[PDB]
Amino acid sequence: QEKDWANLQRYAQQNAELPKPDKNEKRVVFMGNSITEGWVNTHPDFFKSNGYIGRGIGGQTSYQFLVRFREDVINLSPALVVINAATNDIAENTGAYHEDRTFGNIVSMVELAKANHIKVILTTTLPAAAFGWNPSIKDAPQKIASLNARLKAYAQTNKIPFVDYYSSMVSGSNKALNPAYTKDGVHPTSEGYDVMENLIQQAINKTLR
Amino acid sequence: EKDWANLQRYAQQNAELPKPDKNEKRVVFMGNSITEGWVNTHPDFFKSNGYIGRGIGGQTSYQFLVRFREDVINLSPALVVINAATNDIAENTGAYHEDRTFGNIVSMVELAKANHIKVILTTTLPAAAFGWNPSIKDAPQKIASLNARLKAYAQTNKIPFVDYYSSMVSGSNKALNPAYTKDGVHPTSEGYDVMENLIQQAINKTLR
């Protein structure tokens, strides 16, 4: 029996010390994995200067995101949640990859957000040629592209903003994360996050306008 | 490989199930070993009514949530019956937090409604103690508190709430009635007879 499988302990104390948002406040929570966690670690001031809350946890899949969605998103009373998911689903961090199930987990998070009157921005899974921690995955590019196409369509089907980090960050015939934006092929550097900030800021301002 | 929520348990079964007709009134039962054991003990209750059992022994509400889409939503049921939390309180997947366990059940309800599936909520069954985890000394207090909270939630949101607990509890220690169990937790045939009468009426009322 694996205890605290979704790592609710990671943000439990932080969540407890967050006051309810101010009357006029439009609190934004970023849900994700090490790309979202690393965003806060690399550009802490992007979050602090905008009032944004980072709830990324390294290594996690969409299955784990769903289990902690109520505690790390809903209970913070955000105006908006930004969801970036599936890098680790495709890396098979919690088991074999099934696009239908990973996609379904993202849909579940959307449905929970809307049930609680939280707006949603969906985003593309970032490009990766391969994963250093799991080299057995030889078809990440095919899987990432297929999931992103499906998420794009779902977003349009339900009038949800969809932010395309992927198209601004992909390079080469192998659909690698651009070497200008990464050192390990997966996690953005400062320059990569600069690209993501420009894109997400505009979408957030538009949606909360 | 890893499969923390045991999606493999019903994967093949789910895949072979044709889409229902509205008039078929497909009902799915979500739960743990109490729901799994229901099918094992009275298979004809399920077969003769066209009910689908999706219980998995040992599981907590956290695991239920992970497999909810695959084992409930994708079956396009008219109705889902949820019985949960026995193993949350037994701490099968970690320390018990009523807020989180309750929240998992609310999440399942919200997902069901988002997909136009009706819901029947049910009381966690009484248990004085759990044989597999004797360190839990306050199960009665925790079960009663969660059931009170589920009852209030159900009434606030006009969701039928089936009180297995009041028909099955006995003694000052709030044990599962010895007439209905051999181990203090899992119902026998006679216990399931009580549950069938209660749930049938609620299902017929909700789908009429």
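Residues numbered from 1 in each chain as written, not as in the entry; some residues may be left out. Chains lettered and ligands numbered in written order. Heavy atoms only, no water. Residues with missing side-chain atoms left out of burial classes, pairs and counts.

Secondary structure assignment for chain A yields nine helices and seven strands. In summary, chain A has a C-alpha radius of gyration of 16 Å against a globular reference of 17 Å for 209 residues, a match within 12%. With the principal axes as the frame, chain A shows a C-alpha extent of 50 × 45 × 35 Å. Taking the contacts inside chain A whose residues are at least 6 apart along the sequence as the reference set, 75% of them involve residues at least 24 apart. (Helix = DSSP H or I, 4+ residues; strand = E, 2+ residues; numbered from the N terminus. Rg over C-alpha atoms; globule rule 2.2 N^0.38 Å. Contact = heavy atoms within 4.5 Å.)

On to the overall build of chain B, then. Summing up its helical and strand segments, chain B has nine helices and seven strands in all. Taking 2.2 N^0.38 as the reference for a compact globule, 208 residues should give roughly 17 Å; the C-alpha atoms of chain B span a radius of gyration of 16 Å, in line with that estimate.

We now examine the interface of chain B and chain A. Between chain B and chain A, the contact holds 23 residues from the first and 23 residues from the second. Residue assignment for the side of chain B that touches chain A shows that the elements contributing at least two residues are α4 (61-71) and α6 (98-114) of chain B. Element by element, the count of residues in the side of chain B that touches chain A is highest for α6(B), at eight residues.

All names here are of chain B. If you walk across this open sheet you meet the five strands as β2-β1-β3-β4-β5, and the pairing is parallel. Since the sheet does not close on itself, it has two edges, and those belong to β2 (51-55) and β5 (161-162), each with one partner. Helix α2 (residues 33-41) contacts β1 (27-31) and β2 of the sheet and is inclined by roughly 130 degrees relative to β1. Along the sheet face, helix α9 (residues 189-207) touches β1, β2, β3 (79-82), β4 (118-122) and β5 and points at about 155 degrees away from the line of β4. (Pairing = 2+ DSSP bridges. Axes fitted to C-alpha atoms, helices over the stretch in contact; angles between N-to-C directions.)

What follows is about the packing of aromatic side chains. What the rule picks out here adds up to 25 aromatic pairs over all chains. Relative to A:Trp39, the ring of A:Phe30 lies with its centre 5.3 Å away and its plane at 85 degrees, an arrangement referred to as edge-to-face. Accessibility expressed as a relative area gives 2% for A:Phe30, which makes it buried. Given the relative accessible area of 1%, A:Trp39 is considered buried. Aromatic pair A:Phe103 and A:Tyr154: ring centres 5.7 Å apart, planes at 85 degrees, arrangement edge-to-face. Placement of A:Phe103 in helix α6 (residues 99-115) and of A:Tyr154 in helix α7 (residues 140-157) is noted, with a sequence separation of 51 residues between them. Side by side, A:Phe103 and A:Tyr154 carry an identical accessibility label, which is buried. An aromatic cluster is present here, built from A:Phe30, A:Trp39, A:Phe46, A:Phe47, A:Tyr52, A:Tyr165 and A:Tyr193 joined pairwise through their rings. Over the aromatic face of A:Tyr11 sits the side chain of A:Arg10, whose NZ or CZ is 4.2 Å from the ring centroid. When the ring centre of B:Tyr10 is taken as reference, the NZ or CZ atom of B:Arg9 above it lies at 4.2 Å. (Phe/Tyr/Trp six-rings, centres within 6.5 Å; stacked < 30°, edge-to-face > 60°. Buried < 20%, exposed > 50% of the residue type's maximum accessible area, 1.4 Å probe, protein only. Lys NZ or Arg CZ within 6 Å of the ring centre and 35° of its normal.)

On to the packing of α6(A) against α6(B). Interaxial distance between α6(A) and α6(B) falls to 9 Å at its minimum, and their mutual angle equals 95 degrees. Put simply, α6(A) runs roughly perpendicular to α6(B). Between α6(A) and α6(B), the contacting residues are A:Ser108, A:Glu111, A:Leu112 and A:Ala115 on the first element and B:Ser107, B:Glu110, B:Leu111 and B:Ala114 on the second. For the contact of α6(A) with α6(B), the class distribution of residues is four nonpolar, two polar and two charged. (Parallel < 35°, antiparallel > 145°, perpendicular 65-115°, else oblique. Nonpolar A, V, L, I, M, F, W, Y, C, P; charged D, E, K, R; others polar.)

Counted under the stated rule, the structure contains twelve salt bridges over all chains. The residue A:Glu37 makes a salt bridge to A:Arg10 at a minimum N-O spacing of 3.3 Å. One end of the pair, A:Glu37, is in helix α2 (residues 34-42); the other, A:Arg10, is in helix α1 (residues 9-17), with 27 residues separating them in the sequence. Assessed through its relative accessible area of 29%, A:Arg10 is described here as partly exposed. The shortest N-O distance in the salt bridge between A:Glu111 and B:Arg69 comes to 3.0 Å. With A:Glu111 in helix α6 and B:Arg69 in helix α4, this pair bridges two chains. (Salt bridge = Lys/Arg side-chain N within 4 Å of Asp/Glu carboxyl O.)

Our focus in this paragraph is the UniProt feature "domain: SGNH hydrolase-type esterase" (unreviewed entry) in chain B. Residues annotated in UniProt with the feature "domain: SGNH hydrolase-type esterase" (unreviewed entry) correspond here to residues 29-193 of chain B. Counted over residues 29-193 of chain B, helix gives 46% and strand 14%. Its end C-alpha atoms are 16 Å apart. (UniProt positions renumbered as here; feature names shortened; annotations may be inferred.)

Below, the discussion takes up the pairing of β2(B). Burial runs high along β2(B): five of the five residues are buried. Residue alternation in β2(B) divides its side chains into two sets, B:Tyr51, B:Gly53 and B:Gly55 and B:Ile52 and B:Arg54, and both sets are buried.

With that settled, consider the sheet that holds strand β5 (residues 162-163) of chain A. Residues and elements named next belong to chain A. With parallel pairing, the five strands of this open sheet are ordered in space as β2-β1-β3-β4-β5. At either margin of the open sheet sits one strand with a lone partner, and together these are β2 (53-56) and β5. Looking at chain direction, strand β3 (residues 80-83) and strand β4 (residues 119-123) are connected through four bridges and run parallel. Note that in β4 the partner of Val 82 across the bridge is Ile 121. Contacts between α2 and the sheet are confined to β1 (28-32) and β2, with β1 contributing the most and set at about 130 degrees to the helix. Taken strand by strand, α6 contacts β1, β3 and β4, and its axis lies near 160 degrees from that of β4.

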